[PDB]
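Asker: got the complex split up, this is the first portion:
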Amino acid sequence: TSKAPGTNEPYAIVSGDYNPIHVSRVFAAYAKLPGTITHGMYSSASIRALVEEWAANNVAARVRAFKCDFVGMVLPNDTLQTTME
């Protein structure tokens, strides 16, 4: 189980993705979406670091390809449970 961050600004300034969907209430409202949802790339990297240790026993060089589909949105601070198969 994982948990979404509180704010997406730290991720934004690092990843260079200043997409105002994730940082500002006003834009997130303009697109009528549920609010400053987490950066999809962050949600990717989170599950990636998850499986990197829970599937590869924390051996980094073992993962060689990873693809995912942003089926849904995650608002900040949300708690996320993943399955691994």
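Answerer: Arrived safely, thanks for sending. Residues are numbered from 1 along each chain as shown, chains lettered A, B, ... in the order given.

Asker: what's the closest non-adjacent residue to the most centrally placed residue in chain A?
Answerer: Residue closest to the average C-alpha location in chain A (C-alpha atoms, centre = their mean): residue A:43, at 1.5 Å. Leaving out its chain neighbours, the residue that sits closest to residue A:43 by C-beta to C-beta, 6 or more residues apart in numbering is residue A:74, at 5.9 Å. No exception for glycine: its C-beta is placed from N, CA and C like everyone else's.

Asker: and for that neighbour, the neighbour number?
Answerer: Residue A:74 sits with 21 neighbouring residues when counted by other C-beta atoms under 10 Å.

Asker: pretty sure it sits against residue A:3.
Answerer: No: if you go by C-beta atoms under 8 Å, residue A:74 and residue A:3 don't touch, sitting 9.9 Å apart.

Asker: mutual contacts of those two, please.
Answerer: residue A:80 (C-beta atoms under 8 Å, 6 or more residues apart in numbering).

Asker: can you pull out the helices in chain A?
Answerer: Taking DSSP state H as the test, the helices found in chain A are A:9-15, A:25-30, A:40-54.

Asker: ok, now chain B:
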Amino acid sequence: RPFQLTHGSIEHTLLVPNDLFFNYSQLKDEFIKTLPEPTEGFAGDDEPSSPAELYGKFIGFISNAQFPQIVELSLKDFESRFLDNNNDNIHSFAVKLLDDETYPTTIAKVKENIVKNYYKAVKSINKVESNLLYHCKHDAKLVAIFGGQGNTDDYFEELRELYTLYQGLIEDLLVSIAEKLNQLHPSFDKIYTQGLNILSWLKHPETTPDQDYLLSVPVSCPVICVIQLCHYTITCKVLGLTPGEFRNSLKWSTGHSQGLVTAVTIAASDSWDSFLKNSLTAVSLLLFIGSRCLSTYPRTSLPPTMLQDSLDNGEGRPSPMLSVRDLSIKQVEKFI
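Answerer: This next block brings in chain B, placed alongside the chains you saw above:
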């Protein structure tokens, strides 16, 4: 007709001054409605289960209610009723209450309802008592030892109950400590992001971060020094001893891995303000240590096979430090 002060299934009726019963009954009326229903011998944690315990809960209750001149009167009454010529032994009185048969023994309901309420309601404790464990001033020798890092798994709860109990004794100092922390807290962000508002975590348990981030070194390192310092302040104040003169009673002292800073503070502590200042220099120091010893060797994730096996082997959750028992040095050095 004159009648009796009473509660529940246990009663401790005292003789009020004859011209106070009127307003004395007001506090009682406010008190009787604050107590839960009796439970099969008061097995409920919050209802008293010994007459002294009931009287103590009452005395804590009246201390908050705006009606002085009764708090100290009932207090000296409690003393003369249970603590005569040992009127500074309410700790020992407490642990002795553990031996009653009318009272089903449980130290929890003894700590609170008695000791908490006492120092909650007591006025100036400054009655310089007998350091009579050292009364053989010629014959005994005291040495204070200060714990080190990582003696217990769940450590913050010690401070939890301590603040829950002697709040009137530590509130003066630990807030000055937490303020100084907040003045140094953000300067070392990016390593403990969940903040360092200890006052919040005490006043609000749900605001407290998880024990893991609590068990983090930049977190646990200063609060252990805080726990040691509030313990020392308490044992100085319950005796009404100035820190410097209590120090005069001790022959020497030293500390473990971490608490050694508290030991060197004590050897520099003379008054309460000097103690406060030196405690400040301490927690500021140990905060630097917590920060840097993490930024230098940051603990990382661990392969779940490892810790799963280690916990199935009965060993501890792996950590940078391992304690081995029952083995001499000459052979542990042979295995390493």
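
Asker: re earlier: which residues are in contact with the residue nearest to the centre of chain A?
Answerer: By C-beta atoms under 8 Å, 6 or more residues apart in numbering or on different chains, residue A:43 lies in contact with A:4, A:70, A:74, A:80.

Asker: not counting residues beside it along the chain, what's closest to residue B:13?
Answerer: residue B:5 (4.2 Å; C-beta to C-beta, 6 or more residues apart in numbering or on different chains).

Asker: helix, strand or coil for the one you found?
Answerer: Here residue B:5 is recorded as coil under DSSP: H, G, I helix; E, B strand; the rest coil.

Asker: and the gap between the residue in the stretch 201-336 of chain B that chain A sits nearest to and residue B:297?
Answerer: Of all residues in the stretch 201-336 of chain B, residue B:303 sits closest to chain A, with a separation of 4.0 Å (C-beta to the nearest C-beta). Using C-beta to C-beta, to the nearest Å, residue B:303 is found at 18 Å from residue B:297.

Asker: who's more crowded, the two?
Answerer: Between residue B:303 and residue B:297, counted using other C-beta atoms under 10 Å in any protein chain shown, residue B:303 has the larger neighbour count: 15 against 10.

Asker: slot chain C in:
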Amino acid sequence: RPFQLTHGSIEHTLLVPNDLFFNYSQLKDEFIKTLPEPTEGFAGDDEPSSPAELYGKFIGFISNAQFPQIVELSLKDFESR
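Answerer: Placing chain C onto the earlier chains gives this:
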């Protein structure tokens, strides 16, 4: 509010002097705890079973308790009653 002197299932409430109710209640409080539980019409030998009987038991009770100037007052009250 002024309220009533009472016991059990039988009551005999008397008019005390208006400036005595305070200490008068102390004797009553000591008295109520000396009486057993009511028994199906006070069939128990030691609990009173008539208002006059209750008042008499009370007046015997206060006579031993160290508080005179009420004993004879309640006594002449019992008489006039």
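
Asker: hang on, the earlier thing: what about the residue nearest to the centre of chain A, distance to residue B:42?
Answerer: With the distance defined as C-beta to C-beta, residue A:43 ends up 53 Å from residue B:42.

Asker: tell me the residues of chain A that contact chain B?
Answerer: Chain A comes close to chain B at residues A:53, A:54, A:57, A:58, A:59, as judged by C-beta under 8 Å from any C-beta of the partner chain.

Asker: and those, which two are the farthest apart?
Answerer: A:54 and A:59 (11.5 Å; C-beta to C-beta).

Asker: between these two, which one's more packed in?
Answerer: A side-by-side neighbour count of residue A:54 and residue A:59, using other C-beta under 10 Å, places residue A:54 first with 15 against 11.

Asker: I figured the more buried one hits residue A:63, correct?
Answerer: No: counting by C-beta under 8 Å, residue A:54 stays clear of residue A:63, with 11.5 Å between them.

Asker: not counting its own residues, what contacts stretch B:71-89?
Answerer: With C-beta under 8 Å, 6+ apart, stretch B:71-89 has contacts from B:14, B:17, B:52, B:55-56, B:58-59, B:62-63, B:90, B:92-93, B:118, B:121-123, B:127, B:129, B:238-239.

Asker: that's all I had, so thanks and see you.
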